[PDB]
Every structure is written in C-alpha cells, then in structure tokens.
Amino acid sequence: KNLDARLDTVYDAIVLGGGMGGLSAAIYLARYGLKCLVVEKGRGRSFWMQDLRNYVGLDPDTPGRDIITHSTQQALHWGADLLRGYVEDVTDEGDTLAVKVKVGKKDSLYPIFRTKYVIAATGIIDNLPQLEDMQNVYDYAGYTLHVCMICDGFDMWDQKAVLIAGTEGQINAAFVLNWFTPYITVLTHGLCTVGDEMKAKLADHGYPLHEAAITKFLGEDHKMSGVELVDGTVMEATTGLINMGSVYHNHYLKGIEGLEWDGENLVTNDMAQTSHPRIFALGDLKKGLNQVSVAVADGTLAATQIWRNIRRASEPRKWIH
C-alpha cells in the first residue's frame, strides 16, 4: 500500500534564492501551474546593483532592488509562495529533496520543506576592501567603484581608475581592464606582496602600484574622486574595479552525492540541470558568465524542464460533456 499514503505538503519545486535567476524560475513555474516556494534571505548581490546597464527592456539606471520588488510581486501574482529565510541544507531523500530553512535572524526556527525539485539560485557576493568605516566603501561600491568589468567597463572608458586586487592572479585583470582605460593604478590594499616579475610588467605598462592599505575613498554624491592610503599616498581616480574574489552561496549543497562541481561552481547542461536529476543551478552559481540576462534565461530553462518532467508523469485532463 505504498500509493495509499496521504499526500504530504510536497512542493513541485523550491527555488533557493529570490534574485534574478530565482525569480525568473518562480515566474515560469507558477505560470506552468506548479506549486513553488521561493526562499530569499535578503540583501544579495543584485540588491547592491545600483544601475543595470545592459538588459533588454530596462532603462540603464534601473537598480537591482527595484527589479527584485517588481519580479517578486509578479511571481506571487502568478501563484508562487515566498519565505524570507536562509537555506541551511538540502538533503537527498530519493523521490524528493528536503530543504532546511533558518527563519529569523535571532531566535531562529528551522522548518524543513519537501519538494520534487530544487533550483539552486543563491549566487555569490563580491569581496570588498575592508576599512574601519565600511560605509565609506559602501558609498562608492556599485556607484562609481565597480565589481564587474563587463557590466561597467564602458562607463569607465579612458578614466583614471584604481584596480583593487589582493593576489597576483587578481592583478592580472589590469591586462583586461586596459581595454576600457589605460590609466590604471593597482592597489593591493596591504593584502599581498607583488613579486618582482609582476612589478616589472606593471611598470612596463605604466600602471602605478601601491601596496599600502587603503584608508579612505574620496568623493561626493557617490562619485569617487580619489583614494588615500595609510602611508599618506593620495591619488586621483574617478572610477575603479574591485577584483578581490567572491564568496559562493553553495554551502547547503556540499553534502549531496552525485553533484558535479567546477571549483565552487555547479556544472550544468543546456537546461540548467546539474548532474543530479532533481537539482538545477542558475546564474552566478553555475559555471558560466555572470550577468542578469544569463541568470534570467537559466531560470526559464530550469522551470521548463521541471514542468516537462512533471507534465509527462501526470494523468491527462479529459473533457467530460
């Protein structure tokens, strides 16, 4: 009497992360008539995007937080459910997955939800240079101090720029950024000592190098004008690129057997499916390019594959008349 069992609250899909890719997935899933839950912790990467520069249909000064509010409202309108919480763990239970969510930043509860499918859409977050007063960084990060080169390189064209990079591998970006502007000063923020070979290459390109810790970003109305270092060095710059790496929001999947990883990223096929038949991965979490358009299309593909699977397993709806 296996099929005799009372049906448990089992979602068709749970979308982990309510950002660009996750909300796209949620819109599609709900419009496929599927029961889906979006879990969103708040204050993610796209929330700090002040100007989405390059997305068909949207003005290039649209902030990410406005897209999130718009798309969350659309997802709910079509029938998706939203839970504000922090995903802690995903466990494989065979025909379903179990998702533990931390609800409440303090005095937290840990409800567990069951689902046929999981869409991992939790993305990443860029590391920022750490100053005693982080608000001085936040006043410029995402405005004129950029974290993405393909997003904002055009808006840096031929300006005096700082590249903030903590490793020689991260300093390598100077030799890509120079496409947009040759006027690059490299700042390591006291994080690593640059070797002789790289110092010589930077010098041959004319990119000044300063290794002392940054103490203050100068500017007004979110438009940087320069940078001060703890050793007294002061420089002029109207823009910059932070290339200090990222934190990947993937901890809740590290226990899943049968998942193929590429470093911290998940490897997917052409429908955004991982090697696990019940797990999809979108956007910044999957191996590939990190853009809004890419994440949104991933959500489309994942939701469509899930609908195809569920539809194909269902009984036909007949017309009685």
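Residue numbers here begin at 1 and follow the sequence given.
When the C-alpha B-factors of 200-208 and 185-193 are averaged, 185-193 comes out higher. When the two stretches 90-98 and 161-169 are set side by side, the higher mean Cα temperature factor goes to 90-98. Sorting 43, 53, 35, 287 by the CA temperature factor given in the entry leaves 43 at the top. Sorting the modelled residues of the chain by their CA temperature factor places residue 142 in the middle third. Placement of the Cα temperature factor of residue 259 within the chain: highest third of the modelled residues, per the deposited record. Ranked within its chain, residue 217 lands in the highest third, by CA B factor from the PDB record. When the CA B factors of the chain's modelled residues are split into thirds, the value for residue 70 lands in the highest one. In this PDB entry, residue 313 carries a Cα temperature factor that places it within the highest third of its chain's modelled residues.
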